[PDB]
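# Overview (structure and organization)
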Amino acid sequence: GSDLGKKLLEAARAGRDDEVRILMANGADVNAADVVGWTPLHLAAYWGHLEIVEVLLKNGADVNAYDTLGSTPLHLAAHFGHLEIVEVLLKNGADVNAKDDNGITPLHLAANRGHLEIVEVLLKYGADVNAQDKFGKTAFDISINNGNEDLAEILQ
Amino acid sequence: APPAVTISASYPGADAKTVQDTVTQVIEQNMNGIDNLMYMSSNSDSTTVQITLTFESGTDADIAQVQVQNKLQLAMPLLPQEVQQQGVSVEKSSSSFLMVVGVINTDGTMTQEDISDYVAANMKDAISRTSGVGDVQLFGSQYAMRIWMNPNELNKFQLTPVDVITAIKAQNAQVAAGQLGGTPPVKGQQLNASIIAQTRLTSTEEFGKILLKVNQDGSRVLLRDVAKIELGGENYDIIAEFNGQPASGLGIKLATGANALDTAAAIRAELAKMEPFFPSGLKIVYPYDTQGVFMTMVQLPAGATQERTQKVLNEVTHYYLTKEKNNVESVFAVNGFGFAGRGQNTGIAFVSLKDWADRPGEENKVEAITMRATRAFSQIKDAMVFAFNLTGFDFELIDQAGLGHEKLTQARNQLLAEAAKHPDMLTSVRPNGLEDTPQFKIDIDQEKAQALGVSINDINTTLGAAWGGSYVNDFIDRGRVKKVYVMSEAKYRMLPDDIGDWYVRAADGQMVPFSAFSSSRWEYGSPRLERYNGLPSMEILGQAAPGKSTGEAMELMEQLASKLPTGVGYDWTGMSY
Amino acid sequence: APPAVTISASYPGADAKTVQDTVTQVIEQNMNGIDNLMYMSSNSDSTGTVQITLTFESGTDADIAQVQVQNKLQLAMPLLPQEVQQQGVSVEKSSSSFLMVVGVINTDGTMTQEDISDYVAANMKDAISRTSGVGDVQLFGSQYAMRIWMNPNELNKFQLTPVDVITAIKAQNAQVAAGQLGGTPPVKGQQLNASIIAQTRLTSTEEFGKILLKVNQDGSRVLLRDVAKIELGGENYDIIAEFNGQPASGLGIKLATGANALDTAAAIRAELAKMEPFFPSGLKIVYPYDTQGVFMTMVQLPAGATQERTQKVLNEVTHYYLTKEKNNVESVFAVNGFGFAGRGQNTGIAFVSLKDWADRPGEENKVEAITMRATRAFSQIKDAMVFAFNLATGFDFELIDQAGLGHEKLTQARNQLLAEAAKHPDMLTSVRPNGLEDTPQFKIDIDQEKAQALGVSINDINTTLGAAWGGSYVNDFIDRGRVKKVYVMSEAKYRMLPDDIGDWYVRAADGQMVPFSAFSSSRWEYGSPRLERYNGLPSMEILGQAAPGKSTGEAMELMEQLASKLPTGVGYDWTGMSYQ
Amino acid sequence: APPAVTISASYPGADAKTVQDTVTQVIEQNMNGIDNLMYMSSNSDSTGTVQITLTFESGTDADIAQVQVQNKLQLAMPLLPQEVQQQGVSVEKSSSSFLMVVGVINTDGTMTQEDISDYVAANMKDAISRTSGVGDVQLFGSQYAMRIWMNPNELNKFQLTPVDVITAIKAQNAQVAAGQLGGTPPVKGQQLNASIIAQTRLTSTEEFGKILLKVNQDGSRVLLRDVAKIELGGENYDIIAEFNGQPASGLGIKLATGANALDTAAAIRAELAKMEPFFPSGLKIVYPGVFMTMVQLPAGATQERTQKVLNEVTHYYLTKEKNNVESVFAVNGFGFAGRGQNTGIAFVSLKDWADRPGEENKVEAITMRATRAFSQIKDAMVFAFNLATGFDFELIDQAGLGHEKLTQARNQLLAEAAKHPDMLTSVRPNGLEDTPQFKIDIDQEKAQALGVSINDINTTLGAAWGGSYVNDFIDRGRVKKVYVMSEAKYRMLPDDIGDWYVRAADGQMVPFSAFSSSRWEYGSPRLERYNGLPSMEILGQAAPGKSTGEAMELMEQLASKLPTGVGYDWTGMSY
Ligand SMILES: CCNc1cc2oc3c/c(=[NH+]\CC)c(C)cc-3c(-c3ccccc3C(=O)OCC)c2cc1C
């Protein structure tokens, strides 16, 4: 974690698009992690800053970065309802069936919060619908436990 | 001033939200039918709760306190058991210190840790009962018996933190056992005597030989065989120094309405009674007395460690002990305590100058020194370091429609963005609170926990005792009542991968690691949730730009606010009311 | 009048006798060594409520009286049932009557009464209660709670009890302190410092829906929604307001003893002005009672009377003002389930506001004539004691049990006194009891021996019975940012009739479900729904008016004579107007 | 005077150290933030009792003080044990003494002091405390409690413990909320609306006797009757009150600040004349001008022994001074600087000053004589007296030394005050001395090997030997307590310990003898603290021809010679 590393991580978090462009042109590591393994792409995917996600990826950011628990920026975007950013990440080669340490996939997360449009974009890009987390659970099982019949219908 | 009563409560190991939703909201919902209350504000930290009720100018501070204490007494049973046992305080006092009573050990026989317990066990209470003394803040902690649990050894003998706690409550008891020949007695009874059964334990020796279980062959598993046992602080958050050496002390606030000068003398008279009986080396030093003194505040960004805050306090101390030798008699510095609040990320330094007569020239007076000092400390990285003696504006952004913390933040951020686009009216419009930070979120899978026969109560006691600590009961240390705390030894509660080394016993006697029924991810949450008149809030400070007045700046802020998302309100408080 | 401190407690699911003997008596016994105390009275209701009123000398410092009363209350707090402590006992120092009513409607009809009452309770009530001068605040409605409406068939089908339900809800709607990573004392060099977030309070009907009750041996899941309906709904369903026939809620605001009526009303309108901008579309404040321009209407049916039956009377009363008095009456704010003398199912009240003084010319159009006409017209209403009045020479008689005679004998000795006062029209007109008559109650007896034989615990029986038929406050949850209560109760249809007792099951130690009828018996008996007390002993308050022209001293003097002839045990005292 | 507020709490069955380290210390630690406090002192004693006395600056509002003190205590109630909260911790201004004392007696010999006290509680006390000018009214006794007097032989016989009896009472003397038929919200169209009434509180000894403890496998029931004697009795039996040898109760009445004593005293006498027609057979009111007689037996001495001596005292006044004495009101278990089975105090009411003519029938002449007569009593100090030159010294533990070292230091100072009888005389402790006590250790290992729970052990011991306030009942429509304790004959001597059995996890009854060991040791029956630290009050006075301030300089001089960690401080009328 160097100085222009920290300047970027913080800037990617707050959505200051100008500042991200500035720091990129002065060689700021696009894979600067913080103490939990969050690259700027993690931060941007979490806090819904679409431009910065494109701009980082454009400057060669790791689309499949792991945090210290196995979780990728796609996971974050799927979990919190950031549709365009899900699309944009998967466009640049985001692993659709990435698993965190618990066996949790972006689909599991999107499913569990009932983010229906994200679920389809995911299925579209090759998303193993019979994936199981550590407790044996599919995105279907999740849809049943949440009484969410619109999703079970999408899952067929 | 307008008088302010301050409620304070605590929840060992709780987060801001837990605190807010089990304590803060509950107290606030019952603070009513109280005369002359202007407004009410509150804080809930990832440490602890402060509710501050500010009354109409002219109000009788005594009544405000009595009335308040009484409504809190009626809410007491709605609070969690853990909170009540710590004991809430309700105080009527100024929010600035009257003085600070430093305590050092010139022979170096006693550590920072030992000194603070001396102060807690022998000095604090008497000073606390001195008339004029509103609040007393210990710069350190009183000793507790610390049971530092080992999870490897606990799992070896199929015990959990639940077993430890159960045994500590059974074997560190004080039993009422009646009497021989007690009343009503049979005719001709000659003997009357007290029955003495178990008494509280007093030593590490004693706690260590608490018997946890007998194995099926016959050997004995004692508490010293699953834990390290030492006297150590109730908390470890606050550490102090006096000219760079280990120290403790008492921040003493003046009771609303008391004589400052008389209270100072009374405090001095009570300390004169104590001195004769100090251990060899202990010595009172007087680092801050209210043209003569000032403070220096240290805010690090939230998520900062004690170790890093100590680095910044060292540079602050160093500057006064080296570059300002001829003006500064002494620096009392405290890691973990800040002018506003507590936490691993803040600190304060009380500075005492040499006799006015030995600092000739306008460049060695208090204004010139503090200014130079702040200029000197502005060249410090990721830390707001500001030195000051003892008016812009004070604005609360209020959640008026159940929006949530995530949403109120965006509305706060949108107001800050707009205020930055008028440099000619508003300068440094900053938020007074803190930012969200990475926190570890762990889900208990109820299905798997049930399938394996693992109690949720045993799970959450295990989690919470190990990682946050748990006040079990009381013990007597050199004749004073003190707390017993069970918590994990530092090394088995530092990293995420350590979660999986804690085992919990199932209904069928088998050990089950947390890994088996838990799952975790990172997320962001608040380390300080604010409330203003019962509702979520965010305090924003700013000042009026040069050659422009308060009212115009306020009028602008009021206009900017009208253009915030639906359900976001505002109000003026403090100086701005 | 003289200053009064009021202790109010609530015990959900409790009958009047249980309330009295478990809450009231215990508090009462500590109410001594209180300076300037004239007298003390109290009611214990089968609505599960106590109201101890302590009345003081004139010129008594109300702040000091409240402190002295509360200081003594604290002696009893630890002896009160935990269920009472948790509801929050209150000590207040207000006038007995309202200063104003703040009404709330929805002009787009998009919010039911239940909704409106939850909005006022969660966004408006507290701020108003904190406003200075506000002695007491009474919500006409009830804040939402999470309602688990259990179905006993479904619970039996899966070998479950309400106890199981309650246990699962305490485990899975928990808010856990889990500590930190990198917390102090750290291992030197530690960089990471993060809070540990474990379970947090549930926020939605959906989250309660999925609470896991059991894994079956065949691997299928039993969720809370499989054995209950789940929804937001009132903490209780006893209080229903209307404004001009439309659904409403509101706040009855009483003035604090000694406070300035005009300043306090100003501060309320100030604090109401801060709220209005953030309302949901449709919501509106209205002002049906300010304090001749206004008057109330008391509505009291006999005990045992349902909510529906009181609603018909309130309908007939609202109808008279809205049809017959249109030219004078501006608004009517009617409340079912809350009346003058506290609360019941059998009680009600209407706040009536007239038009402008200058739109109502004639003596037959002023407050007196109107109230007279209304009162007169309502007198012909059957099975109801309705009268209308704005706000003098009667008496206030307490009949006291002073030899442990009991409630039944005291009723007998009351009636003897009333039937004798019936034979003295010359001196006494309308000697009437101020309280309620005994009504049928369902006495049930747990057979201990059969319970022990079958291996079922009494705690499990009594939790199953109380929770199903009375409700149980389990813990808190968080609704749109605010802390609120979670209540477990039977769905209405399974707690309506006596045969329903047998459909509930308790699980024994050996895993077998035992129906409630295996270990109980029941029979009808009578009993009180408002047990009165005076200066600590069981009492019955009798009201009356001196006969036309006779003085209250001469009326009082005969009541004393009549009372002399009552059985031994039975004394008397004078209260209210008749004390001085 | 200077105003003073007194916090009283009670932990029944508790010894002095238990009360100190569990209640007193905890309350002390929360007595901060209280305005105008000069000093604070407290005693913790073997009868289960704490007195904490906060003394305030002259001219301090004693009502403001009461309130600030009360609120701090209340905020600390959760820190105190359950059994202490349930007794009630009172905070009351202790400044004034009694306006007047009203004794109540029976002349038929048909009523115990428990019986009379219950009558006073239920028929007189409240009416009196409502009387014009009356503040606090203190009962000399309690109301009745339902007493369950357990039998360990009958308990073991049917394989039960006191834990079982307590559970059984909590379940069968219960009154819980059971809701309604057709309660809201109903099904619309509901006609029926009826409260459900399940168990109610029990009302009589009969109903407690029927409490079902268990059903044996042969069919037959075991009732609480079958293992306990059950009777209406007192809340506690530490004190015995006689008026001229007859059973007594009474009311101590105080005057509400503001009000007038002459008008209040007639107001009370009026109010008592009203009740006097309604009394049961032979119940009389008496009114005790007055001097006192102290009684003090040695360490370990019993109630019965103190009562023989009190009776002798009452007899001497009623015979040898029948011309001068009207009454002797005798209190056994209370005195100056004392509570306990070995202390007592007789209040002697004299006749009119008119009818005692001649210097030999005046108070001083009588008391001198009485003191001569009583000095010929074996194993008893008995001083007669009527209530200047003395001091009040607090020896203080300043470094956590503990009781034994603080006693050793008190002795060092007292032996030294003997050597200057020229300046100092009567240098003595105000307090009590250590005394024999019965230490019983539970063997943790043995209890676990047998499957005997420790909580079952400590409840069995405490419930049987110290008594236990289980819950409330309703006696003639009045809420009253229910205590479980052993019948007296099975909790008297050390051998009685082995009679008590405990059921283990497997079902076998295990005697106390199998998992406990015992011995005699010494310990305080009255521990003192001063400004929050352990203390020992020392009293004295200056000799002939010596000012009091000179004698103080010498105490201070010797006191500066004591072991390291021992300090002192001046209190009371030497402050
Ligand atoms: C002419 C009769 N005079 C008195 C008779 C008394 O009888 C008492 C009987 C009691 N119970 C009977 C079952 C109890 C509990 C306290 C009594 C006190 C008492 C109350 C409070 C504090 C101290 C004492 C007390 O005993 O005084 C010692 C200084 C008492 C006091 C006086 C003056």
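Residues numbered from 1 in each chain as written, not as in the entry; some residues may be left out. Chains lettered and ligands numbered in written order. Part of a larger assembly, values for the part shown. Heavy atoms only, no water. Residues with missing side-chain atoms left out of burial classes, pairs and counts.

Structure determination for this entry is recorded as X-ray crystallography, at 2.80 Å resolution.

The name given to chain C in the PDB entry is Multidrug efflux pump subunit AcrB,Multidrug efflux pump subunit AcrB, and the organism recorded there is Escherichia coli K-12. Of chain C, the UniProt comment under Subunit reads exactly: "Homotrimer, with large domains that extend into the periplasm, interacts with AcrA and TolC. AcrA may be required to stably link this protein and TolC. Interacts with AcrZ. Part of the AcrA-AcrB-AcrZ-TolC efflux pump." (UniProt positions renumbered as here; feature names shortened; annotations may be inferred.)

If you look chain A up in the PDB entry, it shows as DARPin from synthetic construct.

Attention now goes to the site of the ligand. Residue and element names in this part refer to chain D. Around the ligand, a shell composed of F98, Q138, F140, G141, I239, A241, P288, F329, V331, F334 and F347 is seen. For the shell around the ligand, the element with the most residues is strand β17 (residues 325–335), which contributes three residues. When its residues are assigned to classes, the shell around the ligand shows nine nonpolar, two polar and no charged. Looking at which domains feed residues into the shell around the ligand, each of domain 2 (98–143 + 235–288) and domain 4 (289–387) gives three or more. (Near = heavy atom within 4 Å. Helix = DSSP H or I, 4+ residues; strand = E, 2+ residues; numbered from the N terminus. Nonpolar A, V, L, I, M, F, W, Y, C, P; charged D, E, K, R; others polar. Domains from an automatic or database assignment.)

Our focus in this paragraph is the interface of chain D and chain B. Listed by partner, the interface residues are 70 residues for chain D and 60 residues for chain B. Taken together, the links from chain D to chain B amount to three salt bridges. Note that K273 of chain B and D569 of chain D form a salt bridge whose closest N and O atoms lie 3.5 Å from each other. Linking chain D with chain B are 32 residue pairs in polar contact, by the criterion used here. When residues of the side of chain D that touches chain B are traced back to their parent elements, those giving at least two are α1 (16–29), β2 (37–45), α2 (62–76), α9 (303–320), β22 (435–442), α12 (444–450), α13 (454–466) and β30 (566–570) of chain D. Top contributing element to the side of chain D that touches chain B by residue count: α2 of chain D, with seven residues. Classifying every residue of the side of chain D that touches chain B gives 27 nonpolar, 29 polar and 14 charged. (Contact = heavy atoms within 4.5 Å. Salt bridge = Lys/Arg side-chain N within 4 Å of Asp/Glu carboxyl O. Polar contact = N/O pair within 3.5 Å; in protein donor to acceptor, adjacent residues only side chain to side chain.)

As a further point, take the interface of chain C and chain B. Often the size quoted for an interface is simply the accessible area lost on bringing the parts together. With 63 residues of chain C at the interface, the matching set in chain B holds 73 residues. For the chain C and chain B pair, buried surface summed over both sides reaches about 5800 Å², with 51% attributable to carbon and sulfur atoms. Counting every contact that joins chain C to chain B gives three salt bridges. The interface formed by chain C and chain B contains 28 residue pairs in polar contact. (Buried area = accessible area lost by both parts, 1.4 Å probe.)

Turning next to the packing of aromatic side chains. Taken as a whole and judged by the stated rule, the model has 74 aromatic pairs over all chains. Between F207 of chain B and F475 of chain B, the ring centres sit 5.7 Å apart and the planes meet at 85°, which makes this aromatic pair edge-to-face. Comparing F207 of chain B with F475 of chain B shows no difference in burial state: the two are buried. In this structure an aromatic cluster arises from ring pairing among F97, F139, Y288, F332, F337 and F350 of chain B. Residue placement shows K485 of chain C over the ring face of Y473 of chain C; its charged tip is 5.4 Å from the ring centre. The aromatic ring of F98 of chain D is capped on one face by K254 of chain D, whose charged end is 5.9 Å from the ring centroid. (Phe/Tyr/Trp six-rings, centres within 6.5 Å; stacked < 30°, edge-to-face > 60°. Buried < 20%, exposed > 50% of the residue type's maximum accessible area, 1.4 Å probe, protein only. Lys NZ or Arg CZ within 6 Å of the ring centre and 35° of its normal.)

This part covers the environment of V386 of chain C. Residue and element names in this part refer to chain C. Within the secondary structure, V386 is located in the loop between α10 (367–379) and β19 (387–389). Between the alpha carbons of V386 and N315 there is a distance of 12 Å; along the sequence they are 71 residues apart. When neighbours within four sequence positions are excluded, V386 is seen to be in contact with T297, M298, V299, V313, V317, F378 and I381.

Residues and elements named next belong to chain C. Entries for chain C in the domain assignment read domain 1 (1–97), domain 2 (98–143 + 235–292), domain 3 (144–234 + 438–528), domain 4 (293–391) and domain 5 (392–437 + 529–580). A separation of 33 Å is found between the C-alpha centroids of domain 2 and domain 3. At the junction of domain 2 and domain 3, the tally comes to four salt bridges. Taking the shortest distance from any N to any O, the salt bridge between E235 and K485 comes out at 2.9 Å. Here the side of domain 2 that touches domain 3 is built from residues that sort into three nonpolar, three polar and five charged.

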